Amino acid sequence: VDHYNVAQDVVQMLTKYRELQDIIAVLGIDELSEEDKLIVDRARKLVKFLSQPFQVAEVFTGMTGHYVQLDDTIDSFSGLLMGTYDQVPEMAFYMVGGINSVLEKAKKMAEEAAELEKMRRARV
Amino acid sequence: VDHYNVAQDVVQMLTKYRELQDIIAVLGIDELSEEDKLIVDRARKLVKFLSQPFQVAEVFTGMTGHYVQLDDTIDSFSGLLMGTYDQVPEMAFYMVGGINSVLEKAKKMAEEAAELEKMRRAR
Amino acid sequence: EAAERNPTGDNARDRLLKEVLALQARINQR
Amino acid sequence: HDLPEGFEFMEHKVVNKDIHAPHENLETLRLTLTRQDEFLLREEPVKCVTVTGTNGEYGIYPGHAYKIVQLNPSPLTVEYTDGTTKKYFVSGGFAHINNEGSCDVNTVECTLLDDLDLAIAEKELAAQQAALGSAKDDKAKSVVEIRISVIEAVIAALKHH
Amino acid sequence: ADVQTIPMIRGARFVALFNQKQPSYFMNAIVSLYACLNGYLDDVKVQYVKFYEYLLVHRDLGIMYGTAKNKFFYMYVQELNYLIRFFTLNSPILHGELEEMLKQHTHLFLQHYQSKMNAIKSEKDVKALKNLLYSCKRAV
Amino acid sequence: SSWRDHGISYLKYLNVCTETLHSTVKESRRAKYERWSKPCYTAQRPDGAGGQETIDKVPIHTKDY
Amino acid sequence: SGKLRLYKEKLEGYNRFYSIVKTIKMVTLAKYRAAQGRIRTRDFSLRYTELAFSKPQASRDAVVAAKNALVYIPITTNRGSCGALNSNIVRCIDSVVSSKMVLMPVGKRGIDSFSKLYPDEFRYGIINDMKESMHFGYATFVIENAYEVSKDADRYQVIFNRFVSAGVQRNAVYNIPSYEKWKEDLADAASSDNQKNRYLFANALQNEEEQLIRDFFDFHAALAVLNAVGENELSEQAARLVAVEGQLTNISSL
Ligand SMILES: O=c1ccn([C@@H]2O[C@H](COP(=O)(O)OP(=O)(O)OP(=O)(O)O)[C@@H](O)[C@H]2O)c(=O)[nH]1
């Protein structure tokens, strides 16, 4: 049941984002309702999250592949829908496996950002 | 001559209203000038006033049909074009016959609205 | 009060999330 | 997430003279006459400026002591070292005089006395006086009297010269 | 396409009532539509409409809380479908008891269920509620 | 002078003076200055039905001060 | 064929859209061309206002110890299509949410955004028709309503957009402490060596009568509001020209 409910919720989110994407392209992303901005951000993260590095494409991707167990696919997506990962950067979901990989990539991105901020601040 | 003139004015107003509808979607109704919104408000009434319940479609609509005389139609539209009914609510022209039915429906709309206001007032 | 008388995988995700949130907050400060 | 204060983008700050410092002999007053966030004159070296505050008239020359003056509807005069006089009329505001040799006169409205018309001013006084007679209440009378004071000041200002 | 007006309040609830997975018995469907039509669901949140319908059909709050005074009109009497189909719901034989049952069901539902549902903040409770409401879609 | 006793604030005093000063300006020049003393502001709260409920806490026109 | 004409109708709509949007650019350019004048005549009215209120304080001690209503007066545009100005302002307000926060936003977009976002905190908003020039009277209307919203307010803040250049529109802040806290700081700047730059200014105000000081406080507060709205308008027109160009190119790609 949890698998079915999560899948339907994901589909509903992506369906709505597609409809909002028509408005976004013509006018702009900033001419939308504040509620529809949250949906867009969640949908974009879902789109990035659906990507996965395959073990057979280690040449074309340049990265080690992943095998995601179905129980981590369900849990990771279910949490993302609830919004507990809204603070995580969008790109952290790109070309990764389970939620744990997303968090690790976010940690590395945060460390790099902190280093850049430290370098900029020290420049003063 | 009155019939010809009234028909042409209706067609011109409908044509203009459609051009404005493009503006009303890009800019919005606020941006329209005083003249344009009067065209918009009058034209919307024309669009709804063209509708008519037929005596054979009572099952489909659930309301009795109307048979509008030729003279009544011309006079009703002539008054509408020049703004004789600018204060009448827009929905009073929806699925009715001649001008008389429009006034009766508006009166009924006013009565029910007053009842709703009274119910809200008691609350 | 009368309750007092008689009476890990998910933790890793929470731990990582807390660390990431901490780092994102620290960068903001300075 | 700290936001800049709106004064950081302004690069012409006010220079105050430390009290324990030597004096300087200044022959120019740097005037800044401003209306509704618009400067009519900017750091203009002038010989003197005459302003009407609530207490009375002040003639500000270079080196004038630090003082804040609450203006009233009245003329304002600026005399340049060349020997040229420029007359404005103000409806209110404040004048900040600094001992460093600067005077920042910020007014809600500052119009050259030429722009004002005496015929319009005169007939407005008659109408407002009639309005004061028909004023409903004490508050309305006070507001009408505010208008008359400005009008009479304008009429008297133009009749002077 | 173009403000909580009555048409807009009830229109959304009608749309939510149109989600189904299995065919519905006539008595259950007509009664629910009548309730949403006469404003009995105005105080009910859109998300909880299906849960409200499930209790109405497969349960009886009045009997549960001992406040049911109706003589014959109960949702568990499946034989009422043909009486409804003969006389109409807006008939004196069936109208009086129909309104009483709906009024009791609405009052009991709002008091004992919606109040607790709106007071849920725990992640465990939130997830449990989400499963319940989704299941109610696929049940009634 | 006497307006302070009636509760009129200083800001309202200035608006009245500015309007009066703009009144005296020549008709040729009145257009420029008068655009700076023409009330065009309101205070509105969105009503329950989706309308504009105007707050009457502060006056807008110098006449009603 | 209908399918072919379906595309033709679709492309027919995009053509009119380009024309209308281009007409919008013409309107904004005229307003920006006439609003470009303020760039020359700004940066001099607010000189002693700096001394009155310029206090580079910490961002935590200011809001942590709030025992009275903190009133915020964000500046927002009536019409959309401006850009990210309103969004950033909302982010700047969301970052300072507190128990004592009261909101009196400016502009329909601010009202619409904050009425939904912060229904209880939102008391009411001010709306100005962009028909006349931003004048003192409008600022006095902002301040009077702000006081009546919360007279016992610890501070009144204005959050607006500063137009640094044609392509740079930052967010700027004017914090205005109420009379009691201002006169207390003005009293310390006068007596103490601390706040040297304000020593002469403060003593020159304490010499005068109180009503003059109160008038001085209100007058400079109005000027700060007048500057903010004036800048927020110039940033608005500049931003709309940039945004409208983006819409034109998006409607050209389609
Ligand atoms: O009873 C009093 C005493 C003093 N004051 C006010 O206190 C202030 C003291 O002002 P100052 O002592 O600093 O200078 P001043 O007498 O030269 O002032 P002006 O007339 O030139 O403006 C002045 O503004 C005076 O009007 C009163 O209003 N009432």
# chains A, B, ... in the order shown; residues from 1 in each chain; ligands from 1
>>> residues_around(residues="residue 28 (chain C)", least_positions_apart="6", cutoff="12 Å", atoms="only C-alpha atoms", output="CSV table (one decimal) with C-alpha atoms, in the first residue's frame")
chain,number,residue,atom,x,y,z
A,110,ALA,CA,28.0,22.4,1.7
A,113,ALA,CA,30.3,26.2,-0.3
A,114,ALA,CA,31.7,26.9,3.2
A,116,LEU,CA,34.3,29.3,-0.9
A,117,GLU,CA,32.6,31.5,1.7
A,118,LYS,CA,35.7,31.3,3.9
A,121,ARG,CA,35.5,36.4,3.7
C,21,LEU,CA,21.6,21.5,8.1
C,22,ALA,CA,24.3,22.5,10.5
D,1,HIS,CA,20.9,37.1,6.2
D,2,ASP,CA,21.8,40.7,7.0
>>> residues_around(residues="residue 49 (chain A)", least_positions_apart="3", cutoff="6 Å", atoms="only C-alpha atoms", output="list in words")
residues 45, 46, 93 and 94 of chain A
>>> residues_around(residues="residue 80 (chain B)", least_positions_apart="4", cutoff="8 Å", atoms="only C-alpha atoms", output="ChimeraX atom specification")
/B:42,46,76,84-86
>>> residues_around(residues="region 8-20 of chain D", least_positions_apart="3", cutoff="12 Å", atoms="only C-alpha atoms", output="PyMOL selection string")
(chain D and resi 3-5+23-24+30+32+42-43+63+65-66+96-104) or (chain G and resi 39+42-52+54-56+161-165+169-174+193+196-201+227+231)
>>> residues_around(residues="residue 83 (chain D)", least_positions_apart="5", cutoff="12 Å", atoms="only C-alpha atoms", output="number ranges by chain")
D: 46-48, 78
